[PDB]
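Trainee: Provided hereafter are the protein sequence and its experimental coordinates.
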Amino acid sequence: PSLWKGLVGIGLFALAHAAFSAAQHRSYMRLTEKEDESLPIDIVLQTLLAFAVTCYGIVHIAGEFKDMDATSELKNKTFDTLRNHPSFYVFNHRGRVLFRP
Amino acid sequence: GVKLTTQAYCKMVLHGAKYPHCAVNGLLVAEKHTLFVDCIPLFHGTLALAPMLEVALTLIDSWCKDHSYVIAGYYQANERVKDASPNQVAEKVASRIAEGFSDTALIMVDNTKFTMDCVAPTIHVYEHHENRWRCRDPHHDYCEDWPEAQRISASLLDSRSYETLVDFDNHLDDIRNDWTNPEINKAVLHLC
C-alpha cells in the first residue's frame, strides 16, 4: 500500500531526531570532557530502531519483482490485438459509413 | 427465395458494428423460401484460415442438430467499403454449406449501405445456380419486418449493445463468453 511510503519518511525523521540527540550528547562530551566515550543506550536504541524500520519500509518500497519467463505477460495477449498493425491502418471500412461522418 | 428473421438482421448489424474495421463472417441456422430462424457469428478480420472454419462448422452442426436446427445460410461482411463481391472463402464456404441443403444461399452485408438506422437492406442474398453464385433481386424483401428490423437495429446500436455482443471468436478466447449469445436475444425480445 501507499502508506508504506509515509512510513519511510518518519523513519528518516526518527533518525534525524537521533542525530540531534547525538549532536547534543557530543556537545555534552564537548562540555563534560570526561572519560565516557559512550553514547546513551536510549539514543542508540532509537537509532537502531529507526534504521530497522526504515529499511523495512524500503523493502516494501523497492517494488515488486518481475518473472524472467518471457511467456508470462504474453499469455493474456489475444490475437485480436497483435494483428492491428497501427502503422498500416486502413480507413476504408464500414466504421466510417455506419457512424456519423 | 431466401427469408431471414428480424433477429437475424439485427445480429447482422450487431456483428458488423462490433468489428467495423474488420471483415466478419458467420452462419445462419434454420429449421428443417427457407426462414432463417436464428444466426451465429464467428471470427473477424482474417477469414481465410481453414482450421477455425472447420472447427466452427463442426460446432455449429452439433449445436443445431442438438436443438433441431440445421445450418442453412452463410453470412459475410467484407472489410473494404467499396467491396460487395464474394471472395474465395465466401464462395467455398457457401458451396460447402449448400452441399447439404440446396436451399442454402449466401448472404453478404454490403457495408456501403451500412448506416445507423439501416435505412436500406444491407444484406445481399446470392444464390448458387448453374454452378455459379449470383445475387438475387436487391428490390426483394429480405427481413420479415423491415421497420421492426430498422428500429431494433437503431435501438441496439444506440444502446451500445454491439460492444456487449459476443461471437464465436470471443468464445475461442474464453468459453466463459457465451457463443450462443442469448443476451442479444433477450434484448430483442424486450425491444419487440
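Mentor: Nice, thanks for sending it over. Numbers count the residues shown, from 1 in each chain, chains lettered A, B, ... in the order given.

Trainee: In the longest helix seen in chain A, which of the residues would be classed as buried?
Mentor: Across chain A, the helix with the greatest residue count (assigned by DSSP state H) is helix A:3-32. The neighbour-count check on helix A:3-32 (16 or more other Cβ atoms under 10 Å in any protein chain shown) flags A:7, A:8, A:11, A:14, A:15, A:18, A:21, A:22, A:25, A:28 as buried. Yep, even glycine has a C-beta here, placed from its N, CA and C like the rest.

Trainee: same check, this time on stretch B:172-182
Mentor: Buried positions in stretch B:172-182, judged by neighbour count with 16+ other Cβ under 10 Å: B:172, B:179, B:181.

Trainee: could you pull out the strands for chain B?
Mentor: Using DSSP state E, the strands of chain B run over B:2-4, B:24-31, B:34-36, B:38-44, B:69-77, B:105-109, B:123-129, B:132-135.

Trainee: Nearest to the spatial middle of the chain, which residue is it?
Mentor: Assuming you mean chain A. residue A:61 (2.6 Å; Cα atoms, centre = their mean).

Trainee: try chain B instead
Mentor: The centroid of chain B falls nearest to residue B:75 when counting by Cα atoms, centre = their mean (4.1 Å).

Trainee: Who is that residue paired with across the strands?
Mentor: residue B:26, residue B:107 (DSSP bridges).

Trainee: That one: what's it in contact with?
Mentor: By Cβ atoms under 8 Å, 6 or more residues apart in numbering or on different chains, the contact list for residue B:75 reads B:12, B:25, B:26, B:27, B:28, B:39, B:106, B:107, B:108, B:109, B:123.

Trainee: go with 6 Å
Mentor: B:26, B:28, B:107 (Cβ atoms under 6 Å, 6 or more residues apart in numbering or on different chains).

Trainee: before we move on, the earlier item: check the buried residues of helix A:3-32 against chain B and report the nearest one.
Mentor: residue A:7 (40.4 Å; Cβ to the nearest Cβ).

Trainee: Correct me if wrong: the closest one contacts residue A:57.
Mentor: Yes. With contact defined as Cβ atoms under 6 Å, residue A:7 reaches residue A:57; the gap is 4.1 Å.

Trainee: residues from chain B in reach of chain A?
Mentor: B:16, B:20, B:21, B:45, B:79, B:80, B:81, B:111, B:114, B:173 (Cβ under 6 Å from any Cβ of the partner chain).

Trainee: Any quick PyMOL command for the buried ones out of those?
Mentor: Burial among those is assessed by 16+ other Cβ under 10 Å; the matching PyMOL selection reads:
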select buried, chain B and resi 16+20+21+79+81+111+114
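
Trainee: Distance to residue A:71 for the residues of chain B next to chain A - can I get that in TSV?
Mentor: Formatted as TSV, the residues of chain B next to chain A follow (distance: Cβ to Cβ, whole Å):
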residue	distance to residue A:71
B:16	35
B:20	32
B:21	29
B:45	24
B:79	31
B:80	36
B:81	39
B:111	38
B:114	39
B:173	18
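
Trainee: Which two among the residues of chain B next to chain A are spaced furthest apart?
Mentor: B:81 and B:173 (27.5 Å; Cβ to Cβ).

Trainee: Next, give phi and psi for residue B:174.
Mentor: Note on residue B:174: its backbone torsions stand at phi -160, psi 130 [degrees, to the nearest 10].

Trainee: so who does it touch?
Mentor: Neighbours of residue B:174 in contact, by Cβ under 6 Å, 6+ apart: none.

Trainee: Quick check: closest non-adjacent residue to residue B:157.
Mentor: residue B:17 (5.7 Å; Cβ to Cβ, 6 or more residues apart in numbering or on different chains).

Trainee: Tell me, how many residues neighbour that neighbour?
Mentor: Applying other Cβ atoms under 10 Å in any protein chain shown, we find 22 other residues in the vicinity of residue B:17.

Trainee: That one and residue B:162 touch, don't they?
Mentor: Yes. With contacts counted by Cβ under 6 Å, residue B:17 reaches residue B:162, the gap being 3.8 Å.

Trainee: how distant is stretch A:92-100 from the center of its chain?
Mentor: How far stretch A:92-100 lies from its chain's middle: 48 Å, per Cα atoms, centre = their mean, to the nearest Å.

Trainee: And the residue nearest to residue B:133 when sequence neighbours are not counted, how close does it get to residue A:28?
Mentor: In space, residue B:133 comes closest to residue B:126 once its chain neighbours are excluded; the distance is 4.9 Å by Cβ to Cβ, 6+ apart. Distance check for residue B:126 against residue A:28: by Cβ to Cβ, to the nearest Å, it reads 100 Å.
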